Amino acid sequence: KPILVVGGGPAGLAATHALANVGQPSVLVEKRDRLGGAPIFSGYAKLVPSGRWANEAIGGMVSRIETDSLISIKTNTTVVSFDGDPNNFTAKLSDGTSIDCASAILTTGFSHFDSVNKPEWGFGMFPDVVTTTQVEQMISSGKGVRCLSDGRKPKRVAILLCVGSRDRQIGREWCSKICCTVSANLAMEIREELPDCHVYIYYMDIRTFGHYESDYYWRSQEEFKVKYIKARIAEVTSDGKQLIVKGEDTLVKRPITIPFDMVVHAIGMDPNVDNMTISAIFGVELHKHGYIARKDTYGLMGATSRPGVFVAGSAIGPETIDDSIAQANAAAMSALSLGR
C-alpha cells in the first residue's frame, strides 16, 4: 500500500526519498511538467545556508528519486478526488489513474507574491523593477545581472524588503521569513559579479535569524559593502533616466528621494493559489491566512485536521528549504506510524 505525496518540490522530494529508504512505496503527484519545486522552476542561484547552486542541490534530490522503483512519479497530474479513511484511501488522478493509498502527505508549497499587487512600488510600470526571482534567474542562467531597459550593468541597485509581506492593507500580515537572508545573499552575488555596483537594502527589520546573522547579514556588509537603510518606502517612480526610490528614513517621516538603475523586490511567499481546491478535495482545514493548517507539534508531527492526511513545508506558511525538508521527513515518520 503506497503513501500518496502531493507536490514534487523540496518537501515532496524529501518525503518520497525518506519513505523509499525504509522500503515504503509512494506515489508522487506533481502538477507541473518537472519536479524540483520553486528552486528549480524559478531558477534559484546559490541557496542559503549551504551556498550550493540550487540546480545541483535540488537537482540531486530530483535525480535520486527519478530512478527509484519504490517511487511512482506522476508529472502533469493533480489529485481530482480523495476519499476514505487511514489505511483505506482512494485517490483519483487527473489522468484517470486510481491509487489505493494508506495516507497522503501534502507538500503542495506556496505561490510567489505577484508584485503587480503592490503597484506603488513600480512592478510592471518600469522594466528595471525586477523581483528577487528575476535576479536569481539572471545569476543561475549565467547571463548576469543586467537592466531590462537597455541591457546595461546597473551601477546602483536598491532591494526593497517586505514586498507582499507585513502589509495589512493588501491582506498579507505574515512575515515571509526567508526574504531578508535571500536578499542579503543576492546582494553579495550581485556585488561579486559587479564590483562597481552599489547595493542598498531598504528595510523595516532585518531578520537574519540563527546562523544567518553572521553568515549573511554581517558578511554582506563587511566583505561585500552592502548598505542597509531602515526606511518605509512610499513608492518607486521614474525621472526618465533612473528609477527613484521615495520614502521616509527610519520609522518617522524624514523624506528620501534616491536614484537607482535597478530596483529589486523581495517578494513574499503567498499561500498556494490552489489551497481552496486542495482543502475541498482532501477535506483539510485552512489556516486563517490561507495556508494548509497543521496541528500542534507536541501531538502528531505534521498532522492536518484530517486523520491520515499530513502536511509539510511551505504549504503551512512561509518556510525555508531546510525546515521544509525536516518537516517532510517528519511527516513521512508520522504517516508510517499508521501501519502500527
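Start at 1 with the first residue shown and count on from there.
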(message) When the Cα temperature factors in the entry are averaged, is it 65-73 or 309-317 that ends up higher?
(response) 65-73
(message) Can you tell me whether 285-293 has a higher mean C-alpha B factor than 53-61 in this record, or the other way round?
(response) 285-293
(message) Quiz for you: based on the deposited Cα B-factor, which of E189, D100, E213, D270 is highest?
(response) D100
(message) Maximum C-alpha temperature factor per the entry, among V263, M138, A266, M125, belongs to which one?
(response) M125
(request) Pull the Cα B-factor of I258 out of the PDB entry and bin it into the chain's lowest, middle or highest third. (result) highest
(request) Could you tell me which third, lowest, middle or highest, the C-alpha B-factor of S176 occupies within its chain? (result) lowest
(message) Among the modelled residues of this chain, does the Cα B factor of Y202 put it in the lowest, middle or highest third?
(response) middle
(request) Classify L300 as lowest, middle or highest third according to the C-alpha B-factor given in the PDB entry, relative to its own chain. (result) middle
(request) Just say lowest, middle or highest third for the CA B-factor of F82 relative to the other modelled residues in its chain. (result) highest
